[PDB]
Amino acid sequence: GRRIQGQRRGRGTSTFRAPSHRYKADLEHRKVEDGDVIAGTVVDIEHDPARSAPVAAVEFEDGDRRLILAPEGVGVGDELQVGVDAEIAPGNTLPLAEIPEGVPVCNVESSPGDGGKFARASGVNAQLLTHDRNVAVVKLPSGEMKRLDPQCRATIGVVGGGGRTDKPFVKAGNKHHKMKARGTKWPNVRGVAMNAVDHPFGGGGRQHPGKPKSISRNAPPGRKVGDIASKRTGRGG
RNA sequence: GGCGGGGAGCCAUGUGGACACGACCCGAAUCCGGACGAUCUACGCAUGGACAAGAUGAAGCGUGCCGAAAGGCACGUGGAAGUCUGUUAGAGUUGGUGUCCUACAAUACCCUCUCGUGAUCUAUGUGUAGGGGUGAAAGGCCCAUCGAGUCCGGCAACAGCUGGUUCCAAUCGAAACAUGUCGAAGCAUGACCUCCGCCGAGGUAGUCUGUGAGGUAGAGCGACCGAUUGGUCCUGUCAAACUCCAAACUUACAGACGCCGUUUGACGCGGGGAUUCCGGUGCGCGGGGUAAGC
RNA sequence: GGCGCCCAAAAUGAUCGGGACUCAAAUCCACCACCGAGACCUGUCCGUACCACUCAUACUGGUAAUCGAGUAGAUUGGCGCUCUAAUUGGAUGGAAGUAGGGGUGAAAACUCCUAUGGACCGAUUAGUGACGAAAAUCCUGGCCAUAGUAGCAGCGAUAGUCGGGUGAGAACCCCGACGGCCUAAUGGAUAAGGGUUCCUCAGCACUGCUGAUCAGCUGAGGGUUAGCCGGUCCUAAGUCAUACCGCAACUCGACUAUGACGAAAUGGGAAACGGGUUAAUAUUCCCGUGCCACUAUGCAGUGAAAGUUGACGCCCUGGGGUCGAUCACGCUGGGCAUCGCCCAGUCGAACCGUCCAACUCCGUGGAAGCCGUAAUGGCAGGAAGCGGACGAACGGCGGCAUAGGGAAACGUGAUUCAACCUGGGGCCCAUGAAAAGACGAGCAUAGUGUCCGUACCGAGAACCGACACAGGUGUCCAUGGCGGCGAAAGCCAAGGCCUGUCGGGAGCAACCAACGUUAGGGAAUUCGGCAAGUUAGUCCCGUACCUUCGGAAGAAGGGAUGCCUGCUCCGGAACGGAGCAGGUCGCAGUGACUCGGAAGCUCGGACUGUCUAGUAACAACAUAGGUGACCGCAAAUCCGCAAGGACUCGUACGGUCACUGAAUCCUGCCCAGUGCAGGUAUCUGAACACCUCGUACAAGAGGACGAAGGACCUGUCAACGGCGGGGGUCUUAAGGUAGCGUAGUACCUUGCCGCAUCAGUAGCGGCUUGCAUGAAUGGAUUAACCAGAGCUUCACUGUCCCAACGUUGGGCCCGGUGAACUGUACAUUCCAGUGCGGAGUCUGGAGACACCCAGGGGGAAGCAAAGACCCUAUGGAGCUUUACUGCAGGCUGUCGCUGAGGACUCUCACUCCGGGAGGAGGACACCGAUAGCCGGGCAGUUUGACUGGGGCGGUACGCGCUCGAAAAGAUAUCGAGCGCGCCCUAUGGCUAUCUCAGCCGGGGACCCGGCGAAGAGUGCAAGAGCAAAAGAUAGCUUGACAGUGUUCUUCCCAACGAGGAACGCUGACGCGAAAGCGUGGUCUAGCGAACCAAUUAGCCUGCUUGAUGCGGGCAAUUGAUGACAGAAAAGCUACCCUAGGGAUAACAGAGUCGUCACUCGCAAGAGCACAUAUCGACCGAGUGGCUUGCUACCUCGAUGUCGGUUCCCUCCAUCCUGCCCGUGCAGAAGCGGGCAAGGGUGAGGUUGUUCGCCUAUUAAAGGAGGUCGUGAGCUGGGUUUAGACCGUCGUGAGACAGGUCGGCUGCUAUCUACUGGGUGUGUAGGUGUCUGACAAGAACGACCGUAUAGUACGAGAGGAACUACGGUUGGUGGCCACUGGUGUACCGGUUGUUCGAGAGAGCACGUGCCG
Ligand SMILES: [Cl-]
Ligand SMILES: [Cl-]
Ligand SMILES: [Cl-]
Ligand SMILES: [K+]
Ligand SMILES: [Mg+2]
Ligand SMILES: [Mg+2]
Ligand SMILES: [Mg+2]
Ligand SMILES: [Mg+2]
Ligand SMILES: [Mg+2]
Ligand SMILES: [Mg+2]
Ligand SMILES: [Mg+2]
Ligand SMILES: [Mg+2]
Ligand SMILES: [Mg+2]
Ligand SMILES: [Mg+2]
Ligand SMILES: [Mg+2]
Ligand SMILES: [Mg+2]
Ligand SMILES: [Mg+2]
Ligand SMILES: [Mg+2]
Ligand SMILES: [Mg+2]
Ligand SMILES: [Mg+2]
Ligand SMILES: [Mg+2]
Ligand SMILES: [Mg+2]
Ligand SMILES: [Mg+2]
Ligand SMILES: [Mg+2]
Ligand SMILES: [Mg+2]
Ligand SMILES: [Mg+2]
Ligand SMILES: [Mg+2]
Ligand SMILES: [Mg+2]
Ligand SMILES: [Mg+2]
Ligand SMILES: [Mg+2]
Ligand SMILES: [Mg+2]
Ligand SMILES: [Mg+2]
Ligand SMILES: [Mg+2]
Ligand SMILES: [Mg+2]
Ligand SMILES: [Mg+2]
Ligand SMILES: [Mg+2]
Ligand SMILES: [Mg+2]
Ligand SMILES: [Mg+2]
Ligand SMILES: [Mg+2]
Ligand SMILES: [Mg+2]
Ligand code: NA
Ligand code: NA
Ligand code: NA
Ligand code: NA
Ligand code: NA
Ligand code: NA
Ligand code: NA
Ligand code: NA
Ligand code: NA
Ligand SMILES: [Sr+2]
Ligand SMILES: [Sr+2]
Ligand SMILES: [Sr+2]
Ligand SMILES: [Sr+2]
Ligand SMILES: [Sr+2]
Ligand SMILES: [Sr+2]
Ligand SMILES: [Sr+2]
Ligand SMILES: [Sr+2]
Ligand SMILES: [Sr+2]
Ligand SMILES: [Sr+2]
Ligand SMILES: [Sr+2]
Ligand SMILES: [Sr+2]
Ligand SMILES: [Sr+2]
Ligand SMILES: [Sr+2]
Ligand SMILES: [Sr+2]
Ligand SMILES: [Sr+2]
Ligand SMILES: [Sr+2]
Ligand SMILES: [Sr+2]
Ligand SMILES: [Sr+2]
Ligand SMILES: [Sr+2]
Ligand SMILES: [Sr+2]
Ligand SMILES: [Sr+2]
Ligand SMILES: [Sr+2]
Ligand SMILES: [Sr+2]
Ligand SMILES: [Sr+2]
Ligand SMILES: [Sr+2]
Ligand SMILES: [Sr+2]
Ligand SMILES: [Sr+2]
Ligand SMILES: [Sr+2]
Ligand SMILES: [Sr+2]
Ligand SMILES: [Sr+2]
Ligand SMILES: [Sr+2]
Ligand SMILES: [Sr+2]
Ligand SMILES: [Sr+2]
Ligand SMILES: [Sr+2]
Ligand SMILES: [Sr+2]
Ligand SMILES: [Sr+2]
Ligand SMILES: [Sr+2]
Ligand SMILES: [Sr+2]
Ligand SMILES: [Sr+2]
Ligand SMILES: [Sr+2]
Ligand SMILES: [Sr+2]
Ligand SMILES: [Sr+2]
Ligand SMILES: [Sr+2]
Ligand SMILES: [Sr+2]
Ligand SMILES: [Sr+2]
């Protein structure tokens, strides 16, 4: 047959790439020599193309102007800080260790210094739970108990733009416009509506997959489609 | 039992034929390699551009009235919308199964028709390349080419299938069948045709007679077998898979006559070359089928 | 008994070949004479064979009654062509070749003569071959018919005409007049692309849809001038180069660095305007004026980099404001002349200076309800007011300008205001570039400002499309006037053009294209209202069901509409808008143009949107919404061989993988199979290492351990899918819940009832047993939407009844230009027949004087394309899968990397995070290697044959018997009957003893006797064999033995293996007295190659040699290929492709005739009695060729399918009409029958239908043939490609003799045929009138009514006829006084616009519209 769409994806052509040349900035945490002593002022609020969420532009003391992964509540004029001695207030960034247990955090690093990896989407947030001299347990937006190095930096608060999902797109056109800002090929043709040559579920006089949809995880790309390594399906039971 | 044994081979030239190779010539759909194509088109991206006029009148705001308030009602304001009308520009194409159909045109003309502020249309630039792209998915599109582009190369691909294969004459003259075969549109081996060499005296297409073989026609069944009538032993019927009988006829061998052979060498043996293995008709006998130019 | 007669019906024109024949030219019985082959006889010759002579196959003689045809094929002699050699010749006193002609040879061929030609050419012998053509849809070249034919018409752009100029020549080259065409283009400027097409002169052989003096053509010259217009500079998506790394390698490859590249209309950007000038350039040259950058010098200045700019989305909108347009008045010029109107102009840049609205801000002030807007809004955090700072135009004003331009005047105000400037508001799950540069940052003067582009076209002739192509092709001129909402129509300017480039004739016929108008009827037409039409702009009134409350809605329905006079209101006003009163014309006032027909029911998809470039726009795809799945990021998913990469400037409110498909109500039961996932005591589970055996080692055999996987268990269906049959459970887990239901799913089926219609296979409602509905394979339902499917109604109409007239362009004639298709030949046919069964060419007749014009297309199974359907090929390709075999990929173990102290700690490799310090991890992971599992993701293939085509079914695919099989042998079919693929240690072998089925008699056990050739038994089919046995019983025994052959069989004849049998020799045995019997069962079925393995007993052998291990071999046994003389092997294709086949199917033809239709014979029976008024069973005999079937003869290098339609001929088995007979005939009317084919046989409702059902009319509303007549005539509804849905089936691709929506119809007529028209010849200078062989007709068919007559007849009821009249209908020929239609002659009314008004006219498509 012919390669399925998920395989055309990998080659990374224009159709499947994200409009990077139109993206603003990775919002990785700023690096601090040490002893904290790093504060800045929120000069403006902007719209992050890549995330459909607002982001804040900060001017730090040493004259460095950078966009920051803004939590909900940051406003122009406000003063943010990044370092160990940072004051425990919304918008501030400090090691999971200096953060009191029970505080909502966002843009959590996976490895100290990586600049944040977890909880950066609209309205989401990780809940810090346990502390220690060896590990800091964080509860990620998926509800997973994550064990992190207490030296991993994070921001206090939840990410801006909460409830973005509450409103429906209503029309294809709206969907269209957002898709046009991500690395995603849209719209989607159901494989079962394709010719047998184009996809595992293609062909047949009437549309219906010609096999069970739950594919093994060791299935080769091109064959791995439908419900991947499903532990179960349906809602019943 | 098998193979071998009483000295003929080697080389050369012409010629018949076999096998591999392009293998008498042309003939088609492939498969593979390396290349050239996104000037068409599909999708994305960058930078630009286009959308008369009109209709409808969302939220929001206002005013008045009513209300304790929540708010309600009226009028106005406002100007939303993958909103409406629209040959504005522009995009498209439902029907005429109109015109054209050696065209104006290898997709055109006319009228009607659909879209026309958006998932819109559009110019240029740019990206994705062949088992790979691109695809709101029609196997659609990737330069009149797509269920795997184009060019050249492999390459003079292979075919048991169609077509064709060029001067005269003389001698003989088929097979359309049997056995085997992934065999039935093909082959091989036989049968049969022809050519060469060997052998050396008989041969046998006709008839008659003698010694044998036979159970078909017919006939018959108180001769088997199995069918098949009636009357109170007689009375009525049959047979591809019945036979107490039984031809014509066909056939083995021999003799006789005939014909034929011993310079035309028969009968027979060895070797070279085939073609051939879709047949048909009449007559006799058929088996199937109502029948048939079955 | 002979001949005949009845029985006896078929489609274009009858037949014995024809004529025709009657004491025959018939039939039969005898006879007589003749005609008639290549046969037979005869003369001569030839070939061949044989004989004699001979060296000879050279002569010569002889023989042939017993020689003389031939496809495929075998054998042999000869002709001709090229060049070589040897020998030997010819030619300028004329070679070869060619043309015409003579001679020879059976012939291939040889040779001569004459002409031409003008230089080479042979013969013999031996060689050499790119050695011979009628054919291949063969190749290349040339040429004819086609043909003076088609085209040079069709497009909303109908374009010309009269004079004249030039010229050898003028419809189309130029001037003028008159007449027209184009208005987002037919005008102006340009991008791409072209490349000199541009200008001039001179030309016309070429190019040009005709001509040409013209030209984008030919010849020769010439033409493009820049500091300030582009390029150049900057960076965009993105590209490349170098480095680095990968790769066997590179011209290859991703990342990361660096550099460079990447924008000519249309991204950013230092600076130029106005005028003049040329044949052709022009912000470039010239004149005037201006500006920018750099540099130099001088003065000033120390500021200089913070910041601003470059620099930005979509929607609404206010303010400033120019051009334009318009209004007012003045000036200059023009036009018109019943008036007094109408037109043009009235100019003047860059630049320099200056003015500033908005936004922002400051001072003052002091609002506690005021300020402000189109709107939002603003304020004690300080409103209005007042003053101030900053601050705009491509704009105003002054200069520029006794610059320029104008014949002249050389205006002033206003309104609406493109450009340009500056604000306010709203929107985003969407956030709307970057960089160079500029400003910030003065003034003088001077110098410098190079390089490249610059013509022209930019399109119905300069680009792409082969063309001077009706196609395609980017930007801007979007503000010219009237009009109107308008960038709409229509008309008209500026400007352009008559080149969407052949013309001339005919009231100009038929026919066609595109139109106009049609009385009455009004969808009757058709599959379907297809096509056309109806409606229409604007204002007022008014508006249903339903509904997601948005909508439905312009629902529907009704009314108004011009002009003129005078006014009112809103507004600052408009040359803006809304109204009032009075007057008044027309058939008609949105008068043209522009400009919806409307309503209801049902199906589908929610909606806008997408799609098959080129037959499908849809119900298909998408969508929001719903749901499930994977993943914590060192992730999931995906690309790469690798180096690396997309997702990702992303992080679960994410994004990957899938299903469903808006909203609303909902979404039942099943985990057995399959799939995925988790678990798992035990079982199973590979390699390395380890152990045992073996080997001086190794191969090898076995063991222990045991990863993932599997067995096992569990979870899961919004996973794949399933929810039946039986009874009051069974399979296979469950057994179909809510809904819905004859469905786009219901075969039966036009289901049954109802609605609607004259009549409804339709549609809708209900019922509903659902052949075979059903819940995210989503169910039900649904407002809105729709070029989606079906139905109904109102309105309207030439769709139709039924056609007519007209308009424009063709057609026809003439000048000029000038193809193609097609062509074996011949060809004036027709009716029959024949023939490979579908003939212009054969046979028999008939007809036929030749040639030409026009026509519509009957035939040439017309032309076009080596049929695409179907089958066949040990063909191809795409697709599928639990087909065969493999390859990636993932998971998992193990070895290496890899280190220290069955489980653990550590650090030092290695990995990741961090800028770094260091942090996290860690001998794991990554990487390399290997092993097990998963693995249509991918590759290569296979998937047989037979067959009354193929498939399905079956096997007649290997064997045995009877019959078929025709008395030797052999012998076919999907022929008839039926078997074998074993079984048996005895059911084998021998010997002894004995005789069996069955029946009878005496005491179904047993005993005795009798009859008893064989009917018993003998393992199994069938046929055959057997009686002191081949059977039975008893006993004994292992010959069911080893070796090696002969012969036959397999395979008749006649080659072929395995297998089989009969018969020998040798060995060893058993039984018997012995002869002898035993090589399995009485005979014919019970079977299997090579390679490899195992096994049996000897022996041969392994590379210098010896030993050991482990191999190689001679003979044979066993293991299977049943497709059985042996491949390891599944499907789909309608997306298809190729080779071929009429070797084979689908249409039609042909044969047949069971089937079908019709007839006849007999006549049981019934018909109250009565066979025969009428009906008529059984059985029997036929005719037709209309149904169906069979066959496979014709056709696969094509004969288009059903139905309809239109138009022509025919048949009779007659439905009506005419004339008759019978009756269970009073009459009237029936019923049945006979002759008879002249004429007629119609309109409508469902359905594609044929057919049929139904309705009303009717004299009756018959059937059939013509390639199931009729597609080079129509239609395209059905069938039957490519798209899609449903049901059923299938794991899947996909299928269906099911349903459903959509889906293309080529061609210029050569011949023949006929309808009409001509020219010739014959008869044989003329005019006029006739004749009538033949030919055609339906020229006429049918009905109603009145008198007859309320009569005959009849109890009555009812109710005729002859004949004479009147009329209607269908058909036919003709005509135009009458009625009607047309009537782009004509006359009139009137809308818009242009000519100033008036008058009179043009355009609004071939009449603007109307009468
Ligand atoms: Cl999204
Ligand atoms: Cl000869
Ligand atoms: Cl405003
Ligand atoms: K055919
Ligand atoms: Mg969602
Ligand atoms: Mg989808
Ligand atoms: Mg599809
Ligand atoms: Mg398809
Ligand atoms: Mg597939
Ligand atoms: Mg579906
Ligand atoms: Mg489905
Ligand atoms: Mg309003
Ligand atoms: Mg010959
Ligand atoms: Mg001869
Ligand atoms: Mg007999
Ligand atoms: Mg010689
Ligand atoms: Mg030749
Ligand atoms: Mg002609
Ligand atoms: Mg010029
Ligand atoms: Mg032209
Ligand atoms: Mg009809
Ligand atoms: Mg007023
Ligand atoms: Mg229906
Ligand atoms: Mg739709
Ligand atoms: Mg199409
Ligand atoms: Mg969805
Ligand atoms: Mg369910
Ligand atoms: Mg294949
Ligand atoms: Mg495959
Ligand atoms: Mg192959
Ligand atoms: Mg025989
Ligand atoms: Mg064995
Ligand atoms: Mg065989
Ligand atoms: Mg045939
Ligand atoms: Mg053929
Ligand atoms: Mg008759
Ligand atoms: Mg027909
Ligand atoms: Mg025809
Ligand atoms: Mg046709
Ligand atoms: Mg035609
Ligand atoms: Na003899
Ligand atoms: Na012309
Ligand atoms: Na106007
Ligand atoms: Na299950
Ligand atoms: Na294919
Ligand atoms: Na027809
Ligand atoms: Na008649
Ligand atoms: Na009908
Ligand atoms: Na036909
Ligand atoms: Sr990051
Ligand atoms: Sr980083
Ligand atoms: Sr499928
Ligand atoms: Sr459930
Ligand atoms: Sr392009
Ligand atoms: Sr719209
Ligand atoms: Sr159509
Ligand atoms: Sr039309
Ligand atoms: Sr066409
Ligand atoms: Sr519209
Ligand atoms: Sr080739
Ligand atoms: Sr015989
Ligand atoms: Sr002869
Ligand atoms: Sr002969
Ligand atoms: Sr002969
Ligand atoms: Sr040749
Ligand atoms: Sr010619
Ligand atoms: Sr013309
Ligand atoms: Sr035309
Ligand atoms: Sr001339
Ligand atoms: Sr010119
Ligand atoms: Sr550049
Ligand atoms: Sr530019
Ligand atoms: Sr204004
Ligand atoms: Sr120019
Ligand atoms: Sr054009
Ligand atoms: Sr003009
Ligand atoms: Sr011309
Ligand atoms: Sr008229
Ligand atoms: Sr109708
Ligand atoms: Sr009708
Ligand atoms: Sr009205
Ligand atoms: Sr729903
Ligand atoms: Sr299960
Ligand atoms: Sr014609
Ligand atoms: Sr025997
Ligand atoms: Sr199957
Ligand atoms: Sr299909
Ligand atoms: Sr008759
Ligand atoms: Sr009658
Ligand atoms: Sr029917
Ligand atoms: Sr059709
Ligand atoms: Sr004559
Ligand atoms: Sr009467
Ligand atoms: Sr009466
Ligand atoms: Sr006119």
# chains A, B, ... in the order shown; residues from 1 in each chain; ligands from 1

$ residues_near_ligand --ligand "ligand 11" --cutoff "8 Å" --atoms "only C-alpha atoms (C1' of nucleotides) and all ligand atoms" --output "number ranges by chain"
A: 192, 206-209; C: 659-660, 777

$ residues_near_ligand --ligand "ligand 54" --cutoff "9 Å" --atoms "only C-alpha atoms (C1' of nucleotides) and all ligand atoms" --output "PyMOL selection string"
chain B and resi 38-39+124-126

$ closest_residue --among "A:148, A:193, A:105, A:229" --to "chain B" --atoms "only C-alpha atoms (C1' of nucleotides)"
A:193

$ interface_residues --of "chain A" --to "chain B" --cutoff "10 Å" --atoms "only C-alpha atoms (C1' of nucleotides)" --output "VMD selection string"
chain A and resid 1 to 3 8 11 to 17 19 21 171 to 177 185 to 198

$ write_last_selection --atoms "N, CA and C atoms" --output "JSON list (two decimals), in the first residue's frame"
[["chain", "number", "residue", "atom", "x", "y", "z"],
["A", 1, "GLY", "N", 0.83, -1.26, 0.00],
["A", 1, "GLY", "CA", 0.00, 0.00, 0.00],
["A", 1, "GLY", "C", 0.83, 1.27, 0.00],
["A", 2, "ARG", "N", 0.25, 2.36, 0.48],
["A", 2, "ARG", "CA", 0.95, 3.65, 0.56],
["A", 2, "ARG", "C", 1.13, 3.97, 2.06],
["A", 3, "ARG", "N", 2.14, 4.76, 2.41],
["A", 3, "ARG", "CA", 2.37, 5.09, 3.83],
["A", 3, "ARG", "C", 1.12, 5.80, 4.36],
["A", 8, "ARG", "N", 3.59, 10.22, 7.18],
["A", 8, "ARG", "CA", 3.95, 11.40, 6.41],
["A", 8, "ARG", "C", 4.37, 12.45, 7.44],
["A", 11, "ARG", "N", 8.36, 12.81, 8.48],
["A", 11, "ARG", "CA", 9.29, 13.45, 7.53],
["A", 11, "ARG", "C", 9.42, 14.93, 7.79],
["A", 12, "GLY", "N", 8.55, 15.43, 8.67],
["A", 12, "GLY", "CA", 8.55, 16.83, 9.05],
["A", 12, "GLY", "C", 8.44, 17.88, 7.97],
["A", 13, "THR", "N", 7.53, 17.69, 7.02],
["A", 13, "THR", "CA", 7.35, 18.67, 5.97],
["A", 13, "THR", "C", 6.54, 19.88, 6.44],
["A", 14, "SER", "N", 6.52, 20.93, 5.62],
["A", 14, "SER", "CA", 5.81, 22.15, 5.94],
["A", 14, "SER", "C", 4.38, 21.90, 6.45],
["A", 15, "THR", "N", 3.65, 21.04, 5.76],
["A", 15, "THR", "CA", 2.28, 20.72, 6.14],
["A", 15, "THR", "C", 2.15, 20.26, 7.60],
["A", 16, "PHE", "N", 3.17, 19.55, 8.09],
["A", 16, "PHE", "CA", 3.13, 19.03, 9.45],
["A", 16, "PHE", "C", 3.92, 19.79, 10.50],
["A", 17, "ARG", "N", 4.70, 20.78, 10.08],
["A", 17, "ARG", "CA", 5.49, 21.57, 11.02],
["A", 17, "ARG", "C", 4.67, 22.67, 11.70],
["A", 19, "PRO", "N", 4.23, 26.62, 13.01],
["A", 19, "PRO", "CA", 4.65, 27.93, 12.50],
["A", 19, "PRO", "C", 5.68, 28.62, 13.40],
["A", 21, "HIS", "N", 8.39, 30.17, 13.03],
["A", 21, "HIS", "CA", 8.83, 31.51, 12.67],
["A", 21, "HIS", "C", 7.82, 32.55, 13.11],
["A", 171, "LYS", "N", -18.14, 26.29, 15.32],
["A", 171, "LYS", "CA", -17.99, 26.09, 13.88],
["A", 171, "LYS", "C", -16.58, 25.67, 13.43],
["A", 172, "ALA", "N", -16.53, 24.93, 12.32],
["A", 172, "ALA", "CA", -15.26, 24.46, 11.78],
["A", 172, "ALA", "C", -14.28, 25.60, 11.59],
["A", 173, "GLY", "N", -14.78, 26.73, 11.12],
["A", 173, "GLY", "CA", -13.91, 27.87, 10.90],
["A", 173, "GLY", "C", -13.09, 28.27, 12.11],
["A", 174, "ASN", "N", -13.69, 28.23, 13.30],
["A", 174, "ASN", "CA", -12.95, 28.62, 14.49],
["A", 174, "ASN", "C", -11.83, 27.63, 14.73],
["A", 175, "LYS", "N", -12.15, 26.35, 14.62],
["A", 175, "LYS", "CA", -11.17, 25.29, 14.82],
["A", 175, "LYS", "C", -10.02, 25.56, 13.87],
["A", 176, "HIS", "N", -10.41, 25.80, 12.63],
["A", 176, "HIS", "CA", -9.48, 26.08, 11.55],
["A", 176, "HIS", "C", -8.40, 27.07, 11.98],
["A", 177, "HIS", "N", -8.83, 28.22, 12.48],
["A", 177, "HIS", "CA", -7.91, 29.28, 12.91],
["A", 177, "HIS", "C", -6.91, 28.92, 13.99],
["A", 185, "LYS", "N", -1.90, 18.77, 11.20],
["A", 185, "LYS", "CA", -2.60, 18.67, 9.92],
["A", 185, "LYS", "C", -4.09, 18.48, 10.27],
["A", 186, "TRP", "N", -4.93, 19.39, 9.78],
["A", 186, "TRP", "CA", -6.37, 19.38, 10.04],
["A", 186, "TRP", "C", -7.05, 19.87, 8.75],
["A", 187, "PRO", "N", -8.27, 19.37, 8.44],
["A", 187, "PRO", "CA", -9.13, 18.39, 9.12],
["A", 187, "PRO", "C", -8.71, 16.92, 9.06],
["A", 188, "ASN", "N", -9.52, 16.07, 9.69],
["A", 188, "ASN", "CA", -9.21, 14.66, 9.76],
["A", 188, "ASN", "C", -10.16, 13.74, 9.01],
["A", 189, "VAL", "N", -9.60, 12.93, 8.11],
["A", 189, "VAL", "CA", -10.42, 11.99, 7.37],
["A", 189, "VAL", "C", -10.29, 10.67, 8.12],
["A", 190, "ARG", "N", -11.41, 10.05, 8.44],
["A", 190, "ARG", "CA", -11.40, 8.79, 9.16],
["A", 190, "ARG", "C", -10.79, 7.75, 8.23],
["A", 191, "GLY", "N", -9.88, 6.94, 8.78],
["A", 191, "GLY", "CA", -9.24, 5.93, 7.97],
["A", 191, "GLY", "C", -10.25, 5.01, 7.32],
["A", 192, "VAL", "N", -11.32, 4.72, 8.05],
["A", 192, "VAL", "CA", -12.35, 3.83, 7.56],
["A", 192, "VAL", "C", -13.06, 4.40, 6.31],
["A", 193, "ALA", "N", -12.75, 5.65, 5.97],
["A", 193, "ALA", "CA", -13.36, 6.28, 4.81],
["A", 193, "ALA", "C", -12.36, 6.34, 3.68],
["A", 194, "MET", "N", -11.24, 5.68, 3.87],
["A", 194, "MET", "CA", -10.19, 5.66, 2.85],
["A", 194, "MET", "C", -10.13, 4.37, 2.07],
["A", 195, "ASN", "N", -9.35, 4.37, 1.00],
["A", 195, "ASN", "CA", -9.20, 3.16, 0.20],
["A", 195, "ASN", "C", -8.31, 2.20, 0.99],
["A", 196, "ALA", "N", -8.43, 0.91, 0.73],
["A", 196, "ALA", "CA", -7.61, -0.05, 1.46],
["A", 196, "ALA", "C", -6.13, 0.27, 1.34],
["A", 197, "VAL", "N", -5.73, 0.78, 0.18],
["A", 197, "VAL", "CA", -4.33, 1.11, -0.06],
["A", 197, "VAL", "C", -3.78, 2.22, 0.84],
["A", 198, "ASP", "N", -4.66, 3.06, 1.38],
["A", 198, "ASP", "CA", -4.21, 4.18, 2.21],
["A", 198, "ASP", "C", -4.18, 3.97, 3.71]]

$ residues_near_ligand --ligand "ligand 8" --cutoff "9 Å" --atoms "only C-alpha atoms (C1' of nucleotides) and all ligand atoms" --output "ChimeraX atom specification"
/A:195,203-205 /B:138-139 /C:1134-1135,1282-1283

$ closest_atom_pairs --of "stretch 156-212 of chain B" --to "stretch 113-134 of chain C" --cutoff "10 Å" --atoms "only C-alpha atoms (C1' of nucleotides)" --output "tab-separated table"
residue	atom	partner	partner_atom	distance
B:165	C1'	C:133	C1'	9.7
B:166	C1'	C:133	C1'	4.1
B:167	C1'	C:132	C1'	5.9

$ residues_near_ligand --ligand "ligand 27" --cutoff "12 Å" --atoms "only C-alpha atoms (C1' of nucleotides) and all ligand atoms" --output "MDAnalysis selection string"
(chainID A and resid 234:236) or (chainID C and resid 666:670 717:718 721:723 736:737 774:779)

$ interface_residues --of "chain C" --to "chain A" --cutoff "8 Å" --atoms "only C-alpha atoms (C1' of nucleotides)" --output "number ranges by chain"
C: 429-431, 621-624, 628-630, 632-633, 637-639, 645-654, 657-658, 675-678, 715-720, 777, 879, 889-891, 913-914, 934-935, 937, 1291-1294

$ atom_distance --atom1 "atom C1' of residue C:802" --atom2 "atom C1' of residue B:98"
24.5 Å

$ closest_residue --among "B:257, B:151, B:23, B:110" --to "ligand 57" --atoms "only C-alpha atoms (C1' of nucleotides) and all ligand atoms"
B:110
